[PDB]
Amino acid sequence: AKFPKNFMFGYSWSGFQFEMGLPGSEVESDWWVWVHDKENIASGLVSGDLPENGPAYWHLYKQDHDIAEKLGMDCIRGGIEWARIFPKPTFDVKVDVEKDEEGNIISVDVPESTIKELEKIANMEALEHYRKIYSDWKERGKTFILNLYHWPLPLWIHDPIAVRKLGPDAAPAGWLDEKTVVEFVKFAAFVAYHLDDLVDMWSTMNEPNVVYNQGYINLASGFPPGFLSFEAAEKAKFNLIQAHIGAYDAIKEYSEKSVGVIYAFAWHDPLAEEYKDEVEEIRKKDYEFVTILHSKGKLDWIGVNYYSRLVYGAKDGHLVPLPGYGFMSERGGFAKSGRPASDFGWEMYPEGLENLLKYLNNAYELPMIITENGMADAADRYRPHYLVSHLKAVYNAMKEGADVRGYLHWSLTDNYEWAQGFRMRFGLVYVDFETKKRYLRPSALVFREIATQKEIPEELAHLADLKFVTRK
């Protein structure tokens, strides 16, 4: 199974989960305060692990890029933290965001004179440090994809503890406040103005669906601000659509490069034929955020984040996602299919990725990059099979016409998994968080073989076959 000559192999990172770990890298944000919050820790809503004990990529990026380059990687999708670049509010620096009566952003203008007003309140040292990180990769002749938003917001934008206690009208309320979108536009323009020379492709945001659904509906997730409101979820979703559009327009003012979005795509399956039509509607609804962006002519490419599936059946006269399949499988166990489940309880289901890419190709006809795919597997028992089987899924979808430009694993290294902390280890490379030392897992060597040869060679082909990891 050979990939095209220019098909990219690499990995993705985020600021919050990778940067901190060593002195001089701490930065406050909503997510910082959230994971440090004593109530959240004591209730078990978050793990008690803290991101400032993480892999210290802020300091150690050159060494990680060395590992990446030796694994045959030629593309990295990374992040830039708003909370770092603008630690103080930008509200008083006015720009032109034009909206229609329905609240759609129709145009933006952040003139050069305003970029210079922004410089004076930005942390330019942090901006230059990001340049050092990105340039260290770029100078090796490699591709860099910069994703503008990967969940943490500045605290002057969102104070989630205050929102959960007093309500969103009483405190800075994140994506529930219209003006957050306008401040994000200023940030997007600022970043593009300065960093376009280091960036090959842009993404406005990562997994906005996770932000709004987990923050305001699925509270067991332990995402900020964690108060239940379907109206709030809808408002944050609406605002995040506009944040994409504004940011797209902001970037295009200062860049000719492609601008896409990175999205969480579960594959949705019916347990039986009778539920097929209902599940087809659930797919449409679940992916509608992307559909909207594509339909407005505001997507040049799609970043596909794929990890697992959801399987649907009836429970008490209602169609629901079922325990024992997909993301709802037993941690460290097996799905009801017999497929192994990751340390996170996510079923190994590469068929989902093949189905998904064919569906997305047909739906949007856009270039796609697999921007995340991986598994929580602290001993590397299953990752090699996960890696090769999902890469074969991508190959198979490409043969049926999907325009896939690369595959980025989640991730190069273990990192801080949000409310779960460090116990979910997604790396091709193990990190000792006490020493910051990096150690290869065997999956890393498998990756290197495939990436260097641009192909799943026949000697590694059996790693796509899940027979010997599947029960019964």
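Numbers for residues come from their place in the sequence shown, where the first is 1.
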Between 85 to 93 and 235 to 243 (mean CA B-factor, as deposited), the higher: 85 to 93
265 to 273 set against 153 to 161, stretch whose average Cα temperature factor tops the other in the entry: 265 to 273
Among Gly303, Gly324, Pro208, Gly78 - the residue whose C-alpha B-factor is largest in the record: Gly324
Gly317 - which third its CA temperature factor falls in, relative to the rest of the chain: highest
B-factor third for the C-alpha atom of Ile450 within its chain: middle
Third of the chain, ranked by Cα B-factor, where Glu400 sits: highest
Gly352 by Cα B-factor - lowest, middle or highest third of the modelled chain: middle
Ranked against its chain, the third holding the CA B-factor of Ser113: highest
